[PDB]
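Working notes, structure below.
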Amino acid sequence: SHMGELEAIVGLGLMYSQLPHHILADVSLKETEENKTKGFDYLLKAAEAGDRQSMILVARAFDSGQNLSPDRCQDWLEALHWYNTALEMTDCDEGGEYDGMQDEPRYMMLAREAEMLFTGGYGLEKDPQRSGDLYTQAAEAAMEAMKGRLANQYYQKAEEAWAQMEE
Numbered sequence: 559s560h561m562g563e564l565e566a567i568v569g570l571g572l573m574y575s576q577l578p579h580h581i582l583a584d585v586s587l588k589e590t591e592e593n594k595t596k597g598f599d600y601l602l603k604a605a606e607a608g609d610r611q612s613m614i615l616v617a618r619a620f621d622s623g624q625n626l627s628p629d630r631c632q633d634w635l636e637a638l639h640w641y642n643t644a645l646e647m648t649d650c651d652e653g654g655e656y657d658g659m660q661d662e663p664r665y666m667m668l669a670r671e672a673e674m675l676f677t678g679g680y681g682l683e684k685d686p687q688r689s690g691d692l693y694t695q696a697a698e699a700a701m702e703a704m705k706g707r708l709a710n711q712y713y714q715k716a717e718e719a720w721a722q723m724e725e
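Read in order, the letters of the sequence shown are residues 559 to 725 in the deposited numbering.
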């Protein structure tokens, strides 16, 4: 025989009205919603909205200078103001710190604020007594957090504050 070998592929070329979605499927949305939500105005609008985490973000943004952008005047009074707010509006200070993950470390926030207030920065007033007291609150918060080393560290910092406070 001499037929049947090498079958010509004919009667093919159908089912084109389906079109695999793996090809030729523009499903890209022209809406950069996520972009403007990652913008300074949003963080601070949410800071004014009442979002504690967002307040901490803008605070550290003013402090670190990074997200504040370097083309803007570095003010630490606004930062201080926001740190105050976070501490004053937290419900984990009066015996309500039972989350497990300390995403808001009271003692470290207090410590930073203390240092800020005790140093100054031209625009921020140096109030030694507030810093001393703040170190004590920080260290006590650390004691409560079973952070003995940090407590005695800022306590030693506190002792030096009142030692230099005697002027």
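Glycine included, every Cβ here is placed at the ideal spot set by N, Cα and C.
Within the region 599-628, the complete alpha helix (DSSP H) runs of at least 4 residues fall at 610-622. Note on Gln714: under 16 other CB atoms within 10 angstroms of its CB, so exposed under the neighbour-count rule.
Taking a cut-off of 8 Å on C-beta distances, the region 674-690 touches the region 629-641, as three or more cross pairs fall below it.
Between the region 718-725 and the region 687-703 there are three or more inter-stretch CB-CB distances shorter than 8 Å, so the stretches are counted as touching.
In this structure, DSSP gives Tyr713 a helical state, which the three-state scheme calls helix.
For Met667, the enclosing alpha helix (DSSP H) begins and ends at 664-677.
Where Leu635 is concerned, the enclosing alpha helix (DSSP H) starts and stops at 634-646. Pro578 sits in coil when the DSSP states are folded into three classes, being neither helix nor strand. In the structure shown, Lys684 falls within a coil segment according to DSSP collapsed to helix, strand and coil. The beta carbon of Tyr693 sits closer than 8 Å to the beta carbons of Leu668, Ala669, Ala672, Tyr712, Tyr713, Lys715, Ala716, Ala719 from its chain, once the five residues preceding and following it are set aside; these are given in chain order. Of the candidates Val616, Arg707, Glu589, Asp657, the residue whose Cα lies closest to the Cα of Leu601 is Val616. Short of 6 Å from the beta carbon of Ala709, and not among the five residues preceding or following it, lie these beta carbons of its own chain, in chain order: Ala697, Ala700, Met701. Counting of Cβ neighbours within 10 angstroms places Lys705 among the buried residues, the total reaching 16 or more.
Within a 10 Å sphere around the beta-carbon of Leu626 sit 16 or more other beta-carbons, which makes this residue buried. In the DSSP assignment, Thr590 falls outside any alpha helix (DSSP H), carrying neither H nor E. When Cβ pairs closer than 8 Å are counted between the two stretches, the region 639-646 is seen to touch the region 607-622, the count reaching three or more. For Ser622 and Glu589, the gap between their C-alpha atoms comes out near 31 Å.
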